[PDB]
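Analysis of the macromolecular model
One letter stands for each residue in the lines below.
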Amino acid sequence: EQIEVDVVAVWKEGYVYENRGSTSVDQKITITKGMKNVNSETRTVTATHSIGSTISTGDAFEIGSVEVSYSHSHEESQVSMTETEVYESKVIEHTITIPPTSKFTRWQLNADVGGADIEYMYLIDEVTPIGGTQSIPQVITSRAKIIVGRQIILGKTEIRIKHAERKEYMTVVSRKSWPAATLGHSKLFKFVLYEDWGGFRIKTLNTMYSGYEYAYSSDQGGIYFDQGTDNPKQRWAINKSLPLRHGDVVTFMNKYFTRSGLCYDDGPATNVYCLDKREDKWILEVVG
Amino acid sequence: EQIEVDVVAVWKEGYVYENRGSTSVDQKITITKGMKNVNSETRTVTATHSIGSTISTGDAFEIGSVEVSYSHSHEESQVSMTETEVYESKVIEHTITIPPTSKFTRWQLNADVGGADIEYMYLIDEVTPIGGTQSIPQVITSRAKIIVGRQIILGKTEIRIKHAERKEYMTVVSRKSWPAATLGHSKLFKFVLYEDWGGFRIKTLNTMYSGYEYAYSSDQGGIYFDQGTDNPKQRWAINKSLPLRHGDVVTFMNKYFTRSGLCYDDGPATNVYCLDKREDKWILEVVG
Amino acid sequence: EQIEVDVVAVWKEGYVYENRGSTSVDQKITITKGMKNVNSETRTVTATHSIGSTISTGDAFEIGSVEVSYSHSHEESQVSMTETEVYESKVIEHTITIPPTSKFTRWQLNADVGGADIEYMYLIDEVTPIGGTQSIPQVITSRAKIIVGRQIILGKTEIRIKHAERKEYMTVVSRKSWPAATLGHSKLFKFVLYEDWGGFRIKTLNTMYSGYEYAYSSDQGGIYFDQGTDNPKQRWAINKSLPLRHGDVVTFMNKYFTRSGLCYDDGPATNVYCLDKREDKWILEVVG
Amino acid sequence: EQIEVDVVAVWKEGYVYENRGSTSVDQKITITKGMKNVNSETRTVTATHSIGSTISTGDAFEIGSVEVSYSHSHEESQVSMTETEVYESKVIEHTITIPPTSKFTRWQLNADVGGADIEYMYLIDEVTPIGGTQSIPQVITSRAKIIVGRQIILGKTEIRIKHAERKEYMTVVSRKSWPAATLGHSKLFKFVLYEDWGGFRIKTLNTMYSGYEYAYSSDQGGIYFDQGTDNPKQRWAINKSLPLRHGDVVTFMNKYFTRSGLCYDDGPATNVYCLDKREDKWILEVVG
Amino acid sequence: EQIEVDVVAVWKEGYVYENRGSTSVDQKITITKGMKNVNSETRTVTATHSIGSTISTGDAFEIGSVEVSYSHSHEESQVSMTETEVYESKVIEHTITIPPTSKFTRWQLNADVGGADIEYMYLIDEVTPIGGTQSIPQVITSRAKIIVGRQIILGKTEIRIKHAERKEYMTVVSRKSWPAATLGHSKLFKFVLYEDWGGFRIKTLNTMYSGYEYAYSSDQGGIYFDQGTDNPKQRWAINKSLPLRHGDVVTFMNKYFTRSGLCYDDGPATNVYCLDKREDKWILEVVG
Amino acid sequence: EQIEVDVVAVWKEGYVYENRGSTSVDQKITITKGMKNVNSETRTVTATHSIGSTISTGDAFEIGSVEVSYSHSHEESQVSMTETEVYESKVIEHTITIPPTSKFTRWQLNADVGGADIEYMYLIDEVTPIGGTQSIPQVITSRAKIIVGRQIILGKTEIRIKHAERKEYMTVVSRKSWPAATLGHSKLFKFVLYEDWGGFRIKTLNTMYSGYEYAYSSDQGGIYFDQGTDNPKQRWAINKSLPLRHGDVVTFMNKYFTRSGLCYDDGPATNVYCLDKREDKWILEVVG
Amino acid sequence: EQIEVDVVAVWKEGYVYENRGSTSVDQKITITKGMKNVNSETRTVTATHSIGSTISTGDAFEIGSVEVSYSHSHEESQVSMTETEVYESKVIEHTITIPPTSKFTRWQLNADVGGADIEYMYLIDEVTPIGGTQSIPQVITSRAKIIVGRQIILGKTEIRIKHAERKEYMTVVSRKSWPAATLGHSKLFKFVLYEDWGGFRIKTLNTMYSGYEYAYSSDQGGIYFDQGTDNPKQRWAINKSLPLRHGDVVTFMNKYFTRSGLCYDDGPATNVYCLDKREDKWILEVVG
């Protein structure tokens, strides 16, 4: 089920090499791009035992005083660091033999695909004789055909929500005596996105307490589930325009709490919050 | 005993290279992905001995005072750091000679297999002439055939539980005068998963105290074994839908304590707890 | 829709190699240029419990005093560093065999394209016999043809604003009871640039409160939206001369607050400010 | 519009290799030159809460005293480092097979071009038989032909000033109720250099307040714009002798404040100052 | 305008390799020499706000005392490191196949050229059969022909002085109401070296105050310009014997202040001093 | 003017490889030897401003006391590190194909040449069949022919003294009202070594004060010049036996102060001292 | 003057590789052994100037007190680190193609030569078919022929003593009014080893005070020279059995002070001591 689309590729970085000499030139251009995230968690437990003892004689031994301050201190400290480095590089080398009196031109464009919100690095290497009218592509526009996943029909489509950075699915647990959203490795928990005039409602199918089905943000910040109402707190706002599709990255922004968005945070007894300035990317996928 | 399945591969990262020049181009793309975990445990023992002695004369030697504060301090400190670095990389290089007036297109998809919860990196390299209608695959869906292990029949199947990160099996030991779960290298300890209307019950076969067979979470957090009851504390919730199979990664989430899950933690005299926000991955395997 | 333009390339770095010997020489020149940005965020929580106890006897036990100061201190500290290294290199090697009694000359120019504000590294390698009249290019001027994107018609063109460094779009949220600009991953929010005699007005289409449409800077610094007036606070100044085009990097400088410019900053409940000495680069793109 | 010039190349570093043996020798000489600039900006926020409580009994409980000093301290510190490494290397390898009974001689000269103030590394490799009269070039003088940019006619030439290190153009903003120079990404701001008997005057075309056109240094240090007068404060001194040309690196030194020069500095509400011992390099370029 | 000269090359480092076996041996000797200079400049701004409050009750609440010392401290510190690494390596590899029953001998001499004060690394590789009378060159003397720059005629030669390490020319500015020497990027400032019976006088041509022409050292240390006198303070001593030539590295040592020499130092409002134990190398060059 | 000499090479390190198999073996042995000296000089300037204010009420507000200790502290610290790394490596690789049933034997000897005090690494690689009587060379003695520089005739030979580590010549300056030795870049200063029955006298030719010609050590440690006397303080002791030659490394040890030797040290207003336990190597060279 | 000897090579490390497959296998085994010694010497000079001023009003301003404690502190610290890294590696690679159904066996023995106290790494690589009776060499004994230096005749042989680690010869200087041993670069100082019934006596030839010739250890520890006596303090004990030879590494252990040995140590005014637990290796060599 593919769809046509207008891709646009804006410039990023160019490079030209005008070989004028009689000899040819071998040329190698390596573009490296590398992320490296490290998450350390040191716990330290220091324990000191100090025994001070001062012997002083000023009043009775009149003429002056001798104050002998002995002191001892045994300090036992136990540290325990725990790093977790994760790194990802992408080297891209291109070896080209540039002929004599030919200029080589690399144009690195960043091709952003419309609709789908996909982007890809679009290099353009040319080798042509000199002198000539140089054609620098500031913005290229290509007509692409995206092969696309199954469309999510809002209402009557069971989709499981997944956090993109964590790779942990959205689950339902009982905080207080209320159903509440939490990140978890379980794929059993499913959701159904609904659309009213107000906005998007995330309804659960697997809920502990019966009736309490539609997700909403509390005054505190945490996510709980309530009954279907006309409350703007239980509505949400999706970043991508309809229709929603398989493997679609979205960011649920609360309608009442306009600033805040559905996100991960290390809270007490719940870890899916609607905090101010938090637009966490949720990949949503469909069940078989 | 293989089974059919719908694999789906969502986009991750793309890359295009439009060679337009008369000369061909050799191209090398190295994708590195490397984890590195380091676990240090420093113990430090400092020991100071300080001998202060102050001689003061203000009262008797009237006009002012001379206060001579001598002091000494011998500090013997012994440190003992112990790191344990473990690193795992996976470099993936692809050398390709791109012909003249041909574009090369790499599409990196992340192929998530349905049911089994397996995922794999699915690269798609193409080399085709220009200009042409570009076909960007946002979501590919493939029909795969998983060769699958032996199915776990809930009741009448002896399975030993194993912690995925630690590679240590679940064992039974006597905490207080109660059988309790602990991580250990022994494979002799076996379990039988049962399913009632409430949820999943982890029953032991090798227990110290007779009768106390089914796993349950205490008010404290630690795991103990009790008799068969209608208590939701002794039920559990598995992340993968049935049927359970060999080499299946699961996360046992307590039914009463909805937030907490069966997990590893450095506690006193037991190291398998049901702590809040802890979904530790247990690979469960079948005995021969 | 391409346009002609005068490119100018000013000198950066030169290099000459006069091989005079009878034997030829293989020559390899690697130009590396590498950025590496690292963003750590350590949170530390130290917790000390100290129990001092001093036993002193000076008054009653007359002749001097024995002051025995015992003390204890248990210090539990938990650190949690989180780095996020991102690095980008660009190595450029050129292997050339220089013949006998020939000089090789590399001239590295930095070719700045006019109008479009694009720049690219322009190397010039020559190989010629010796001795000869050396031709050093301080400033080359080339006539280029920029392939350019769709032109933004000021008024009647829906453009979404995007922060260049963050790759986050400009969005509208309700700060206080006022519509206010914020960075966000949502592409649904669109803007229309207007031009009066005073300057450039950024009007929103998707606003929460009706009427409050045109962006303006407050006395505090934060960006809010107001009605259309003759106020210089709601005007702005764009760095590139007209016409504005697709994928155009701009810097909106407030007309009233001449120093300040539309920018990202970690504020409370809004993150798009007009702070003094802040010229953040906004790529603006057109909707399909 | 090229011009002739006398290039002079003074010695830097030599190297000789006298192969005397019957076998030839392959020789590889790599000259690396690498800059690496790193700009970190750590912000740290420590927050301690300490609750000391001491219970003492000396007066009433007569014979001595027991002073029990309990104390607590919770220290929450949040660090946030942000490095920005930028590195640039230039490796230059030359592989040469030196024949038997031939000496190889590399002479590295630093060729400084006259007038234009351009410099380039000028290597001289020779391979010749032995023994012979060695010709060491301490100072070579070459006649070059610089291809030069468009000449700046002082008065009636609109030139935009650009900071070389920052790559940020000179702009005009309103500090106090006075037009003042600031660095900015806007290319709209233009200047016209004038020459009187006193010195060089930097006049603006785009000024906020009408009349206040010519740049001058204040008693504080900051740059403002005033009317045309016979004041030496508004004159300047350019490092390169006339005529000024496209892509010309200059350093504007104030005539009154002889020590100080037009430069970048992080001041409050203006960032282009005339500070003592500051000769910042301004590339000045011409408008199309 | 070349001149003959006696080069002398004293030993540095030798190496011999006596291959005695029937098989030949490939041999690679890499001599690396690498400088790396790093110049960091960290600025740190710490700001603490601490609110201590102690509540004590000893006098009225008679029997002992409870002293409850609460305390708070918010410490905001901003660091800003700025390194500037510059590195220069020179690897020199020589691959040689040593034949059977032949010894290879490398002798590294450091060839210091007379008069001109130029030096160069002079390797001597030999390959000869064994056994033989070994000829170790402790000191070689070669007759070279230096190609030399234009001679500086003392009086009637305009030369601009340049600091070798900084690559900044000597300039004249007004410190107090006196002309004073400073480092600067301007090449407009010229000097004329004069020679009397006493020593060398550095006269300026471009001076602010008329008459004050000849350089001299003050009692403080800084360099100013005075009228022509018989004062030894305004004389100087050059390290190289006459005649002075183009691209000549010199060190101006004051005649009165025999220890001190013309040098760079970060002083207030002047940066060219005559400090004790400072022999900074000034390259002096001639104007076209 | 070459001279014969007995070289002796004592053992350092051996290595044997007995290939017994039917297949041959390629073998590569890399001997690396690398020095790396780093000279950092950090200057730090911390500046604190602290404003404490305590409000206390105990006497008047009778029953106890409230002591509110507010405090503030602004700490501005500026650091400025400056490293200067210099590194020198010498890798020596030897690739050899060892034939079947042949042993390869490397013997690394350190060949110390007599008289001249030159040393060089003397490797001996052999390849021979097995089994055989192994010939291990503990001490080899070779007859070499040193090509030697011009001999220094003690008296009537102008030689300039040079510090080996610093590469700075010995110069004469006026400390107090006395001529004194200092390190400097000037080659104009010359010396003449004289030999009496007592020892070696370093006489200057270029001296400021007439008569004060012969070098001597003071009671303080610094080097000054005095008239010719029978004082042992002005005599010296050279490490190499006569005759002295060009490029000869010597260590001048004072005859009176037997422990101390002529050396470099950072003193006030003189930097050539005769300190205890200081045998700095002076290369002495002859003038043309 | 060679001598026969029994070499013995004890096992160190083995390695076997049994290739059983039909395809051959290329195999590369790199043994690296690398020493790296770094000797830093940081000198730091901190200088604080602190101006505290407290204004207090409690007595007169009755009801409580305001105590305003202002304070200032300017801390100027200058650090100066100086590392001196010296590293030496020895990589040893052996590339071998192991044929099908052949096992490769490396046995690394450490061959210690008798008498001479020389040792060398003795590898044994074998390649043979499988299966076979494996012959593991725990201890090999080879008959070698050491080519040996000139024998030292105890009495009537002038030998100069040299410290192995420092490469500095033993010299004589006047500590107090006594001749004393010191390390120095001078080769003029010679010694003659004598042997009595008691032990070895190190006699000097070049001594300052006449008569005081034979080396002995003081009660302090330092080495001085005395007349010939029957004192065990002036005797010594050599580690190698007679006869002593050229380039012989020895350790002189005092006969009276049995624990202590002739060694280097940074003492005041002498640097050759006889300290407890110090067996410094002295290479002793013969004069020509």
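For this deposited structure, the header cites cryo-EM as the method used and 3.1 Å as the resolution.

It is worth spelling out the overall build of chain A at this point. Broken down by element type, chain A carries 0 helices and 21 strands. Here the C-alpha radius of gyration of chain A, 31 Å, is well above what a compact globule of 288 residues would show, namely 19 Å. Projected onto the principal axes, the alpha-carbon positions of chain A cover approximately 105 × 70 × 30 Å. Here the contacts in chain A between residues at least 6 apart in sequence split such that 62% fall between residues at least 24 apart.

The next point concerns the interface of chain C and chain D. The interface of chain C with chain D comprises 72 residues on the first partner and 80 residues on the second. Taking both sides of the interface into account, the surface hidden between chain C and chain D amounts to around 6600 Å²; carbon and sulfur atoms contribute 50%. Connecting chain C to chain D are 3 salt bridges. In this structure, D117(C) and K187(D) form a salt bridge, with 3.1 Å as the shortest nitrogen-oxygen distance. Summed over the shared surface of chain C and chain D, the result is 37 residue pairs in polar contact.

Throughout the structure, instances matching the rule amount to 109 salt bridges over all chains. In this structure, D125(C) engages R106(C) in a salt bridge whose closest nitrogen and oxygen atoms are separated by 3.1 Å. Separated by 19 residues along the polypeptide, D125(C) in strand 7 (residues 119–129) and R106(C) in strand 6 (residues 102–113) bring together distant segments of the chain. Assessed through its relative accessible area of 0%, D125(C) is described here as buried. Each of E18(A), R20(A), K103(A) and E126(C) takes part in salt bridges that share partners, so that together they form one network.

On to the packing of aromatic side chains. The way to describe two aromatic rings as a pair is by their centre distance and the angle between their planes. Counting across every chain of the model gives 62 aromatic pairs over all chains. Considering the side-chain rings of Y120(B) and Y122(B), the 6.5 Å spacing of their centres and the 70 degrees angle between planes classify their relative orientation as edge-to-face. Residue classification places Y122(B) among the partly exposed residues on the basis of a relative accessible area of 29%. Taken together, a centroid distance of 5.3 Å and an interplanar angle of 40 degrees make the contact between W11(D) and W107(D) tilted. Here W107(D) lies in strand 6 (residues 102–113) and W11(D) lies in strand 1 (residues 2–19), a separation of 96 residues in the sequence. Three or more aromatic residues link up through ring pairs in this structure, and these residues are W11(A), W107(A), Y120(C) and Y122(C). The ring of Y264(B) carries the charged tip of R166(B) above its face, separated from the ring centre by 3.9 Å.

This paragraph deals with the relation of the copies chain C and chain D. Structural alignment of chain C on chain D gives an RMSD of 0.0 Å, achieved by rotating through 40 degrees and translating 0.0 Å along the axis. The two copies present different faces, since only 1% of the interface residues in chain C are matched by interface residues at the equivalent positions in chain D.

Okay, the pairing of strand 10 (residues 168–175) of chain A next. All names here are of chain A. With 8 of its 8 residues buried, strand 10 lies for the most part within the structure. As paired strands, strand 9 (residues 159–163) and strand 10 are joined by 2 bridges and run antiparallel to one another. The residue bridging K162 from the neighbouring strand is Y169, located in strand 10. As defined by bridge partners, strand 10 adjoins strand 11 (residues 178–184) across 7 bridges and the pair is classed as antiparallel. Residue pairing for strand 11: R175 is matched across the bridge by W178. Taken together, strand 10 and the strand that follows it, strand 11, pair antiparallel across an intervening segment of 2 residues, in which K176 is found at a positive phi of about 60 degrees.

Attention now moves to the domain arrangement of chain A. Residues and elements named next belong to chain A. Parsing chain A into structural domains produces domain 1 (1–22 + 100–149) and domain 2 (150–288). One C-alpha centre belongs to domain 1, the other to domain 2, and the line joining them spans 39 Å. Counting from both sides, the interface comprises 5 residues of domain 1 and, opposite them, 5 residues of domain 2. For the pair domain 1 and domain 2, the two sides together bury roughly 350 Å², of which 55% comes from carbon and sulfur. Sorting the residues of domain 1 by area buried against domain 2 places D117, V148 and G149 first, and these three jointly supply 74% of that buried surface.

Residue and element names in this part refer to chain A. A sulfur-sulfur distance of 6.7 Å separates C263 from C274, so the disulfide listed by UniProt for this pair is absent here. Mapped onto the secondary structure, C263 falls in strand 19 (residues 260–264). As for its position among the elements, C274 is in strand 20 (residues 272–276).

Residues and elements named next belong to chain A. Structurally, the position occupied by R201 is in strand 13 (residues 200–204). The side chain of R201 sits in the buried core without any salt bridge; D196 is the nearest counter-charge, 4.1 Å away. For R201, the side chain forms a polar contact with the side chain of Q234, separated by 3.3 Å.

Glancing now at the interface of chain A and chain B. Every contact between the two is made by 80 residues of chain A and, on the other side, 72 residues of chain B. Linking chain A to chain B there are 37 residue pairs in polar contact. When contributions to the side of chain A that touches chain B are tallied by element, the ones reaching two or more residues are strand 1 (2–19), strand 4 (65–80), strand 5 (82–98), strand 7 (119–129), strand 8 (139–147), strand 10 and strand 11 of chain A. Tallied by class, the residues present in the side of chain A that touches chain B amount to 34 nonpolar, 28 polar and 18 charged. Direction of pairing for strand 4 of chain A relative to strand 3 (residues 43–57) of chain B: antiparallel, over a ladder of 14 bridges. Paired with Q78(A) across the two strands is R43(B), which belongs to strand 3 of chain B.

Regarding chain B and chain D, the two do not touch, and the least distance separating their C-alpha atoms is 21 Å. No interface is formed between chain C and chain G, the nearest pair of C-alpha atoms being 28 Å apart.

Here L242(B) and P243(B) are connected by a cis peptide whose omega angle stands at 5 degrees. With respect to the secondary-structure elements, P243(B) resides in the loop between strand 16 (236–237) and strand 17 (248–250). The phi dihedral of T101(C) falls on the positive side, at around 55 degrees, and the residue is not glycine. Note that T101(C) resides in the loop between strand 5 (82–98) and strand 6.

Turning our eyes to something else, we now look at the nonpolar core. Grouped together as the largest cluster of nonpolar side chains are 125 residues, with contacts concentrated most on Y120(A), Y120(C), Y120(D), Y120(E), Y120(F) and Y120(G). Those residues in contact with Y120(G) that lie beyond four places of it in its chain are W11(F), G14(F), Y15(F), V16(F), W107(F), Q134(F), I136(F), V7(G), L109(G), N110(G), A111(G) and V113(G). One finds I31(A), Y15(C), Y15(F) and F104(F) within the second-largest nonpolar core, a separate group that totals 76 residues.

Further remarks concern the UniProt feature "binding site: an N-(acyl)-sphingosylphosphocholine" in chain A. Residues and elements named next belong to chain A. Annotation from UniProt places "binding site: an N-(acyl)-sphingosylphosphocholine" at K176, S218, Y224 and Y273. Mapped onto the secondary structure, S218 falls in the loop between strand 14 (214–217) and strand 15 (223–226). Judged by relative accessible area, which is 10%, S218 ranks as buried. With sequence-adjacent residues up to four places away left out, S218 is seen in contact with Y224 and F257. In terms of polar contacts, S218 uses its side chain to reach the backbone amide nitrogen of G221, at 3.1 Å. The topology assignment puts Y273 in strand 20. When sequence neighbours within four positions are dropped, the list of residues in contact with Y273 reads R175, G221, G222, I223, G261, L262, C263, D265, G267 and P268. There is a polar contact of 3.2 Å between the side chain of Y273 and the side chain of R175.

Mapped onto the fold, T46(F) is located in strand 3 (residues 43–57). Those residues in contact with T46(F), other than ones at most four positions away along the chain, are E75(F), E76(F), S77(F), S73(G), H74(G) and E75(G).

Our next topic: the environment of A111(E). Residue and element names in this part refer to chain E. Among the structural elements, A111 can be located in strand 6 (residues 102–113). Assessed through its relative accessible area of 0%, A111 is described here as buried. Taking the C-alpha atoms as reference points, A111 and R245, separated by 134 residues in sequence, lie 21 Å from one another.

For the coordinates displayed, the defined rule picks out 0 disulfides over all chains. For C274(B), which is in no disulfide, the shortest distance to another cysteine sulfur is to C263(B) and amounts to 6.7 Å.

Before going further, it helps to spend a moment on the environment of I147(E). Looking at where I147(E) falls in the secondary structure, it is placed in strand 8 (residues 139–147). With residues near it in sequence (within four places) discarded, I147(E) still touches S135(D), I136(D), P137(D), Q138(D), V139(D) and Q2(E).

Cut-offs used in this document
- Residues carry numbers counted from 1 along their chain as the sequence is written. These may differ from the entry numbering, and residues without coordinates are not shown.
- The lettering of chains begins at A and the numbering of ligands begins at 1, in the order of writing.
- Reported values pertain to the displayed chains only, which are themselves part of a larger assembly.
- Side-chain numbers come from the whole structure's heavy atoms, not from hydrogens or water.
- Residues with missing side-chain atoms are left out of burial classes, side-chain pairs and their counts.
- The way it works is that DSSP assigns letters per residue, a run of H or I at least four long becomes a helix, a run of E at least two long becomes a strand, and they are numbered from the N terminus.
- C-alpha atoms define the radius of gyration, and 2.2 Å times the number of residues to the power 0.38 defines the globule rule.
- We call two residues in contact whenever any of their non-hydrogen atoms come within 4.5 Å of each other.
- When two components associate, each loses some accessible surface as probed by a 1.4 Å sphere; the sum of these losses over both components is called the buried area.
- A carboxyl oxygen of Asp or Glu within 4 Å of a side-chain nitrogen of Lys or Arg is what we treat as a salt bridge.
- Within 3.5 Å is the distance limit for a polar contact, defined as a pair of N or O atoms, with the added protein rule that one can donate a hydrogen and the other accept it, and that residues adjacent in sequence qualify only through two side-chain atoms.
- Throughout this description, buried means an accessible area under 20% of the type-specific maximum (1.4 Å probe, protein chains only), exposed means over 50%, and partly exposed covers the range between.
- Aromatic rings from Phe, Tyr and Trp, with only the six-membered ring used for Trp, were paired whenever their centres fell within 6.5 Å, and each pair was classed as stacked if the ring planes differed by under 30 degrees, edge-to-face if by over 60, and tilted otherwise.
- Note on geometry: a ring has a charge over it if NZ (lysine) or CZ (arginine) is within 6 Å of the ring centre and within 35 degrees of the ring normal.
- For this overlay, the copies are fitted by least squares on their C-alpha atoms.
- Strand pairing is defined by DSSP finding a minimum of two bridges between the two strands.
- Where each domain begins and ends is defined by an automated method or by a domain database.
- Two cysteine sulfurs form a disulfide in these notes if their separation is within 2.5 Å.
- UniProt positions are given in the numbering used here, feature names are shortened, and annotations may be inferred rather than shown by experiment.
- Charge assignment: positive for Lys and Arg, negative for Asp and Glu; neither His nor the chain ends contribute.
- Note on residue categories: nonpolar means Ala, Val, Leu, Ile, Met, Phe, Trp, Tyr, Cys or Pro, charged means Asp, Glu, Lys or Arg, and polar means any other residue, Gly included.
- Side-chain atoms within 4.5 Å link the members of a nonpolar core, which is a set of buried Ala, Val, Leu, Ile, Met, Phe, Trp, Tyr and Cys residues.

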